[PDB]
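K.L.:
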């Protein structure tokens with residue numbers, strides 16, 4: 038495992054497990070947080086522009102060549118980071134790196150191609166907002182932040198038909214620079230990564246355009262749409278990437294409940313709701329931390345009628361954790377759940393490649409799974425309590441959707 | 037002259053016989069959009085658009101062809117509190133006009149195929165209404181300013197189209213179209229006939245009616261990035277309810293701050309707001325004072341249209357001007373000019389026949405009494421300088437509610453405002 | 004991402020598979063309390 | 014007259030296909046307007062009964078005698094609405110006259 | 014040579030109708046695709062040029078000689094767009110051949 | 044019953060007309076017989092640009108202090124310009140009647156046109172026109188006028204072409220002002236709570252100083280396929296202001337598939353445009369036209385008494401509403417004194433309405449609609465809009 | 079706006103006034 042950083046700023050991370058299928062990804066700090074009010078939704082079209090014809094090769098060739106060897110090219114995007122990943126047999130990853138590095142480094146962005154792609158942008162947004170969780174998290178980020186992290190992952194409705202080739206070219210030229218890029222390869226030799234890192238990934242070498250610092254705003258945005266279930270997320274500002282308080286907040290969500298291990305009533309939250317409400321529900325803890333700011337809170341799905349006190353019950357449980365009402369065995373079980381979740385997240389090949397990638401862009405260094413385990417262990421009970429009080433006090437941001445006739449407000453919550 | 041008779045059923049009969057060639061008869065119900073809840077949103081919009089439906093006594097064809105046969109007019113105007121169904125025509129045809137209007141008010145049928153045909157017209161009417169930015173920003177401002185009652189929109193939400201049934205319309209009519217919430221007002225007719233039609237009709241429901249919830253203020257801000265050329269922004273706070281003393285004050289305060297350019301393309305070289313913006317910004321703008329008072333609560337604030345770029349400091353400049361009025365920085369001649377503007381606006385509002393009929397109507401439902409234009413004049417005069425200042429501080433302090441739309445990259449937030 | 008978002012990671016991890032119920036196939044004639067006003071022949075009018 | 018009407022109802026033979034009297038009406042403009050104004054469940058039962066009668070006529074079969082429709086067993090569901098369609102139709106005609 | 018080419022240009026006579034060489038090209042799928050790729054300005058202008066020609070033809074009349082497009086004046090605006098379409102088609106065809 | 048319109052004439056020729064009523068607020072206006080029809084293509088935007096400059100200060104009231112005065116009493120100040128008339132009107136209270144009249148006097152004479160302002164109002168006018176194109180129906184009606192009155196000053200638009208707007212100077216304006224603002228071509232109209240003797244004394248005190268067309272029948276077309284909707288106006292030649300069968304034609308309009341269908345009878349001095357404007361999707365346009373033409377031919381051939389009675393009732397309701405409200409009434413007084421030379425009372429209008437029957441309606445409609453060459457103006461996706469032979473053939477029936 | 083441009087004169091084509107229309 039290496040993560041040699043090229044002088045251009047590009048980070049070359051390599052590993053040779055000699056796996057039959059090898060996976061090569063490239064990670065750029067070019068998420069949706071780097072747009073402003075003039076180019077909203079540009080990162081969504083850039084994500085969906087993976088198939089556009091580039092100076093390197095024709096869309097047909099690029100496509101037919103990836104499907105000819107049976108390889109896969111995918112784009113995953115968060116609010117901070119974009120990652121373009123190719124995977125395939127070791128005997129075809131040379132042309133796979135040709136295609137991927139052409140897509141990253143030298144796009145053309147022809148106007149007829151993006152004009153054809155805007156309808157696919159609308160279709161992708163509709164498919165993504167077919168479920169309530171996506172819309173309520175986008176609404177929660179929009180009401181929680183002011184400028185940077187409030188920008189949506191998906192393109193707004195008015196911006197469809199207005200995104201041009203020049204905006205995509207400006208975004209690529211201002212954020213796809215070598216100092217914000219890490220090239221990570223599982224199943225490949227480090228050497229080749231470097232040679233492809235000089236034939237490509239070395240020409241664009243500025244630090245690029247620096248983004249604005251994200252500012253918290255608080256507030257609440259609601260959406261009455263007549264769904265059968267009320268979705269509600271109530272968050273507050275939390276720790277950022279690179280602090281031990283982020284580890285405390287991760288231990289706090291695994292204490293409160295995060296993800297159903299069994300096809304998790306034990307969750308403090310789940311227990312506190314289930315002792316009072318017999319209706320179907322789903323209460324969990326939400327944590328999303330980015331390199332300058334984080335959001336931590338509660339997420340509830342419930343019947344509209346009970347939506348109120350269930351939310352109140354969940355909130356009351358966090359207040360109990362803010363009052364020191366916790367046991368050390370519960371924190372130990374939360375730590376075990378968090379470390380098992382981390383190890384099962386990195387046990388797969390694409391998750392391992394993403395992790396290495398993220399670490400690269402974030403800290404330029406690789407942290408062995410082992411190291412993490414002892415740091416999570418560093419988090420201690422009081423630390424967890426502390427993060428809680430942060431949530432219990434910090435101004436909240438609330439995104440609600442459904443039949444909100446009995447959904448409380450923030451001044452009542 | 038004006039003669040008002042509140043019938044025992046609760047209905048009020050107001051009449052004025054001025055021997056006008058065209059006479060106008062309206063009926064006023066406390067059945068606005070504030071009386072819905074989250075289960076029947078948009079029902080008042082379909083009720084407003086369903087005035088030409090089949091009634092127990094006349095079909096849709098008979099109503100439409102009979103009103104157009106005499107050339108009369110039937111219209112529906114709706115606020116968040118009140119609905120008003122108005123017919124007007126020649127004195128020789130107002131008997132059948134009252135037949136049609138009272139059938140529409142008292143005995144609807146609400147057939148399901150008719151409302152199923154009407155829901156597409158509901159969508160078309162909402163699109164035509166939201167073709168301009170002021171309507172959307174005021175609806176957004178009310179939605180972010182209030183919690184339950186006055187936060188309900190005048191126009192039907194997009195999900196509720198296709199879901200409003202005949203039973204919801206029947207329930208809304210049976211719970212809010214009762215005689216104690218109704219006033220029948222007639223200009224150009226004899227009071228007597230109003231009463232006879234007030235016994236043959238309006239006898240259907242004479243109860244007090246389902247009582248609505250008290251409106252609760254919430255504060256907040258809802259924004260809408262849609263790439264318009266101009267940024268629209270309304271910043272309001274809670275004020276006096278309508279029918280309040282401070283209301284007049286607040287009315288004097290909006291006429292001091294600026295309530296519409298009197299001159300064509302008025303430069304509002306007098307409006308404090310307009311002056312405070314124009315001394316710093318050379319871009320095109322439109323800054324005015326917004327006041328909307330209802331029987332339990334009121335909203336007062338500022339309304340700005342500006343270029344996106346300057347949108348910030350212009351809003352700040354307007355806000356700063358109100359803070360100056362909150363610090364006592366005003367002259368008595370300015371307040372006298374504001375009072376003259378307000379009283380001239382009231383007299384020109386009541387100088388037309390349909391505005392006169394609406395005013396009498398509103399007064400009826402609101403206070404059951406008629407207040408002669410003269411009386412008002414002396415009450416507006418009652419408002420005094422300090423009173424104006426007071427209302428200002430209320431706005432300057434009360435939690436604000438902000439609705440913004442446009443390219444909001446330089447539009448400030450409430451914690452920055 | 005998943006480390007923090009957990010179940011919310013997918014919702015915070017927009018992703019396209021690059022190469023390649033479902034979406035159901037998702042303009043009209045052109061300062062004070064708005065007053066909606068319509069009529070039999072009266073055209074719709076926002077009184078503001 | 015009641016028994017002779019039952020005998021004529023048996024002699025007409027649309028009850029052997031499971032049809033209702035109002036299913037056998039010829040769809041003129043007024044009949045189609047009355048059918049369009051039906052509620053969804055009545056319309057769906059009418060379309061299923063018509064489809065089953067067409068299938069039985071295709072195979073030249075009839076229903077078993079326990080599954081036939083009865084003279085008194087005639088809801089005449091669509092009848093009322095047509096009344097309205099005709100009434101409205103006439104009113105309009107008169108106005109033009 | 015080009016002198017004769019200009020003479021031939023005159024011979025073509027589209028100048029008499031102010032028709033750019035590209036305007037003259039008989040429509041073909043490839044041409045159509047290139048046309049589609051054309052920016053609006055060119056498209057709109059191309060349209061009027063074409064429409065003008067037809068009208069002149071309808072009246073069996075020609076533009077004033079001075080209005081006529083000069084051999085030098087004529088521009089191959091669509092040429093490049095077409096080149097791309099053709100190359101792409103060629104590529105796909107070869108792919109199919111193999 | 045109706046308040047009489049007592050009027051008077053000063054030596055200047057400025058007819059001072061007033062119609063008192065109980066309402067305590069009044070609409071006092073000045074109407075001038077000066078529009079784009081009196082311009083000679085070298086000063087095509089002089090009336091519009093003077094209408095912009097008229098509220099920016101006078102000699103006695105320099106600059107915004109003038110409009111400060113009309114803010115001080117809370118009055119409203121409006122002005123408009125058509126192809127034939129210009130109006131400057133004030134809505135105020137009754138007790139502020141003298142100063143308002145004095146204000147109007149400044150606006151018509153002693154007005155000051157600042158060179159500084161001229162550049163600022165040029166940028167306003169230029170920009171508005173540069174964005175005026177946005178309003179389609181205005182574009183379509185301007186196209187209809189152009190095509191209709193080709194070669195006549197009536198055709199020229201009020202705003203004028205950007206060219207003139209840029210190329211205009213104080214002296215030119217001064218000319219238009221000094222040429223088309225004569226006292227015999229001016230009406231001081233008052234409606235509402237005014238006394239006629241007091242208004243006559245105020246007009247004597249101030250304001251006592253004040254010193267043909269062809270119907271082309273051809274069509275114009277503006278194809279722009281990017282617009283979502285199409286606006287089409289079809290008109291024939293109107294009779295004019297003084298011809299009484301206008302009333303009958305109004306009844307015909309009251310008798311009359338596109339999202340919006342509006343009928344118009346625009347009248348100028350012995351000419352006009354009588355027709356229909358509709359705004360529609362491209363794929364409906366031809367059907368609309370066919371529909372519309374059929375209705376016109378039905379009114380030329382098969383008018384019955386019931387639709388005539390309905391149109392008479394609609395016209396009675398339309399007029400009464402028109403003569404209700406100070407603004408409209410005054411406006412009506414100013415237009416009546418400028419066009420007819422007198423204020424026609426509502427009883428005379430009712431008599432001219434009740435004398436209209438079905439036979440004279442189809443006679444007058446056959447006189448003005450049947451076998452006439454129309455003017456057509458289209459804007460938008462108007463490819464399926466039929467050309468002139470099909471519309472001209474739809475202007476008559478082979479069965480009569 | 080569109081006002082800037084003016085209608086070209088067809089007088090050349092135009093032939094010889104309702105008085106004449108009837109004849110025409």
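Protein chains in written order, with the deposited numbering: chain AB, 38 to 300, 304 to 453; chain Ab, 37 to 453; chain AI, 4 to 23, 32 to 37, 42 to 45, 61 to 78; chain AF, 14 to 110; chain Af, 14 to 111; chain Aa, 44 to 254, 267 to 311, 337 to 480; chain Ae, 79 to 94, 103 to 110.
Idealized CB from N, CA, C, for every residue including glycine.
Are the beta-carbon atoms belonging to residue 196 of chain Ab and residue 65 of chain Ab less than 7 Å from one another?
P.N.:
Along the second chain, one-based indexing puts residue 196 of chain Ab at 160. Along the second chain, one-based indexing puts residue 65 of chain Ab at 29. No, Cβ-Cβ distance for residue 196 of chain Ab and residue 65 of chain Ab is not below 7 Å.
K.L.:
Give the secondary structure of residue 300 of chain Ab by DSSP, where H, G and I count as helix, E and B as strand, and everything else as coil.
P.N.:
Residue numbering aside, residue 300 of chain Ab sits at position 264 when the second chain is read from its first letter. Three-state DSSP puts residue 300 of chain Ab in coil, outside helix and strand.
K.L.:
For residue 364 of chain AB, is the classification buried or exposed, using 16 other Cβ atoms within 10 angstroms of its Cβ as the cut-off for buried?
P.N.:
Residue mapping note: residue 364 of chain AB aligns to position 324 of the first chain, counting from 1. Looking at its Cβ environment, which holds fewer than 16 other Cβ atoms inside 10 Å, residue 364 of chain AB is exposed.
K.L.:
Excluding the 5 residues preceding and the 5 following residue 371 of chain Aa in the sequence, name in chain order all residues of the same chain whose CB lies nearer than 6 Å to its CB.
P.N.:
Residue 371 of chain Aa sits at position 291 when you count from the first residue of the sixth chain. These residues qualify, in order along the chain: 337.
K.L.:
Should residue 97 of chain Ab be flagged as near chain AF, meaning a C-beta pair shorter than 7 Å?
P.N.:
By one-based count along the second chain, residue 97 of chain Ab stands at place 61. Cβ-Cβ to chain AF under 7 Å: yes for residue 97 of chain Ab.
K.L.:
What is the rounded straight-line gap between the Cα of residue 345 of chain Ab and the Cα of residue 319 of chain Ab?
P.N.:
Taking the second chain and counting its residues from 1, one reaches residue 345 of chain Ab at position 309. Taking the second chain and counting its residues from 1, one reaches residue 319 of chain Ab at position 283. Cα to Cα, residue 345 of chain Ab sits roughly 10 Å from residue 319 of chain Ab.
K.L.:
Nearest CA to the CA of residue 461 of chain Ab: which residue from Ab:313, Ab:424, Ab:177?
P.N.:
This structure leaves residue 461 of chain Ab out entirely; chain Ab is present only between 37 and 453.
K.L.:
Short of 7 Å in beta carbon distance, which residues of its chain neighbour residue 407 of chain Ab, apart from the five on each side in sequence? Order them along the chain.
P.N.:
On the second chain, position 371 is the one that residue 407 of chain Ab refers to. Only 399 meet the Cβ criterion.
K.L.:
At 4 residues or longer, what runs of the alpha helix (DSSP H) sit wholly inside the segment 342-388 of chain Ab?
P.N.:
Qualifying alpha helix (DSSP H) stretches, in chain order: 347-362, 368-386.
K.L.:
Between the alpha carbons of residue 212 of chain Aa and residue 123 of chain Aa, how many angstroms are there, rounded?
P.N.:
By one-based count along the sixth chain, residue 212 of chain Aa stands at place 169. By one-based count along the sixth chain, residue 123 of chain Aa stands at place 80. Taking the straight line from one Cα to the other gives about 21 Å.
K.L.:
Just reading off the alpha helix (DSSP H) that residue 102 of chain Af is part of, what are its end residues?
P.N.:
Position 89 of the fifth chain, counted from the start, is the residue given in the question as residue 102 of chain Af. Residues 92-110.
K.L.:
How many angstroms separate the CA atom of residue 288 of chain AB from the CA atom of residue 340 of chain AB?
P.N.:
In the first chain, counting from the first residue as 1, residue 288 of chain AB sits at position 251. In the first chain, counting from the first residue as 1, residue 340 of chain AB sits at position 300. Approximately 19 Å between the Cα atoms of the pair.
K.L.:
Do you know how far the Cα of residue 309 of chain Aa is from the Cα of residue 113 of chain Aa?
P.N.:
Position 70 of the sixth chain, counted from the start, is the residue given in the question as residue 113 of chain Aa. Position 254 of the sixth chain, counted from the start, is the residue given in the question as residue 309 of chain Aa. If I take the Cα positions, the gap works out to 40 Å.
K.L.:
Between which two residues does the beta strand (DSSP E) harbouring residue 301 of chain AB extend?
P.N.:
You won't find residue 301 of chain AB in this model, because chain AB goes from 300 right to 304.
K.L.:
Buried or exposed for residue 83 of chain Ae, going by 16 or more other Cβ atoms inside 10 Å?
P.N.:
Reading the seventh chain from its first residue, position 5 is the one you call residue 83 of chain Ae. Exposed, because fewer than 16 other Cβ atoms sit within 10 Å of the Cβ of residue 83 of chain Ae.
K.L.:
Are the segment 392-408 of chain Aa and the segment 46-60 of chain Ab touching by the rule of at least three beta carbon pairs closer than 8 Å?
P.N.:
The segment 392-408 of chain Aa, when compared against the segment 46-60 of chain Ab, does touch it at the 8 Å Cβ threshold.
K.L.:
Assign residue 454 of chain Aa to one of two classes, buried (16 or more other C-beta atoms within 10 Å of its C-beta) or exposed (fewer than that).
P.N.:
Here residue 454 of chain Aa refers to the residue found at position 374 of the sixth chain. With 16 or more Cβ atoms within 10 Å of its Cβ, residue 454 of chain Aa is classed as buried.
K.L.:
Exposed or buried, which one is residue 79 of chain AF when buried takes at least 16 other CB atoms within 10 Å?
P.N.:
Here residue 79 of chain AF corresponds to residue number 66 of the fourth chain, with the count starting at 1. So residue 79 of chain AF counts as exposed.
K.L.:
Since residue 217 of chain Aa is in the beta strand (DSSP E), which residue starts that stretch and which ends it?
P.N.:
Position 174 of the sixth chain holds residue 217 of chain Aa. Careful: residue 217 of chain Aa lies outside any beta strand (DSSP E), inside the alpha helix (DSSP H) at 213-223.
K.L.:
Is residue 296 of chain Aa buried or exposed, if buried means 16 or more other CB atoms sit within 10 Å of its CB?
P.N.:
The residue you call residue 296 of chain Aa lines up with position 241 of the sixth chain. By the neighbour-count rule (16 or more Cβ atoms within 10 Å), residue 296 of chain Aa is buried.
K.L.:
DSSP state of residue 53 of chain Ab, grouped into three classes?
P.N.:
Along the second chain, one-based indexing puts residue 53 of chain Ab at 17. The answer is coil: DSSP assigns residue 53 of chain Ab none of H, G, I, E or B.
K.L.:
In this structure, how does DSSP classify residue 445 of chain Aa when only helix, strand and coil are distinguished?
P.N.:
On the sixth chain, position 365 is the one that residue 445 of chain Aa refers to. In this structure, residue 445 of chain Aa counts as helix in the three-state DSSP scheme.
K.L.:
By the three-class DSSP mapping on this structure, what secondary structure does residue 103 of chain AB have?
P.N.:
Within the first chain, the letter at position 66 stands for residue 103 of chain AB. Three-state result, residue 103 of chain AB: helix.
K.L.:
7 Å is my cut-off, CB to CB: does residue 56 of chain Ab come that close to chain AI?
P.N.:
For the purposes of this step, residue 56 of chain Ab is taken as residue 20 along the second chain, with counting starting at 1. False, the Cβ-Cβ gap to chain AI never drops below 7 Å.
K.L.:
If we cut at 7 Å on Cβ distances, does residue 300 of chain Ab have a partner in chain Aa?
P.N.:
Here residue 300 of chain Ab is taken as the residue at index 264 of the second chain, counted from 1. It does: the Cβ of residue 300 of chain Ab has a partner Cβ on chain Aa nearer than 7 Å.
K.L.:
Apart from the five residues on each side of it in sequence, which residues of its chain come closer than 8 Å, Cβ to Cβ, to residue 351 of chain Ab?
P.N.:
Within the second chain, the letter at position 315 stands for residue 351 of chain Ab. Answer for residue 351 of chain Ab: 269, 271, 338, 340, 342, 447, 448, 453, listed in chain order.
K.L.:
Have a look at residue 269 of chain Aa and residue 369 of chain Aa and give me their C-alpha separation to the nearest angstrom.
P.N.:
Counting from 1 along the sixth chain, the entry for residue 269 of chain Aa is found at position 214. Counting from 1 along the sixth chain, the entry for residue 369 of chain Aa is found at position 289. The alpha-carbon atoms of residue 269 of chain Aa and residue 369 of chain Aa are separated by roughly 25 Å.
K.L.:
Would you check if the segment 66-85 of chain Af and the segment 377-390 of chain Aa touch, i.e. whether three or more CB-CB distances between them fall below 8 Å?
P.N.:
Cβ pair count under 8 Å is below three, so no.
K.L.:
Taking all protein chains shown into account, do 16 or more other C-beta atoms lie within 10 angstroms of the C-beta of residue 207 of chain Aa, making it buried, or fewer, making it exposed?
P.N.:
Indexing the sixth chain from 1 puts residue 207 of chain Aa at position 164. Buried, because 16 or more other Cβ atoms sit within 10 Å of the Cβ of residue 207 of chain Aa.
K.L.:
Tell me, which residues are paired with residue 436 of chain Ab by DSSP?
P.N.:
In the second chain, counting from the first residue as 1, residue 436 of chain Ab sits at position 400. For residue 436 of chain Ab, which the question treats as bridged, DSSP gives the partners Ab:273.
K.L.:
Please list, in chain order, all residues of the same chain as residue 266 of chain AB whose beta carbon is under 8 Å from its beta carbon, the five residues on each side excluded.
P.N.:
One-based indexing of the first chain puts residue 266 of chain AB at position 229. 169, 341, 342, 343, 344, 442, listed in sequence order.
K.L.:
Could you check the C-alpha separation between residue 189 of chain Aa and residue 85 of chain Ae for me, to the nearest Å?
P.N.:
Position 146 of the sixth chain holds residue 189 of chain Aa. Position 7 of the seventh chain holds residue 85 of chain Ae. Their backbone Cα atoms lie some 7 Å apart in a straight line.
K.L.:
I want to verify the contact list: residues of chain AB whose CB lies under 9 Å from the CB of residue 116 of chain Ab, in sequence order.
P.N.:
As a position in the second chain, residue 116 of chain Ab is number 80, starting the count at 1. Neighbours of residue 116 of chain Ab on chain AB: none; closest Cβ ~17 Å, over 9 Å.
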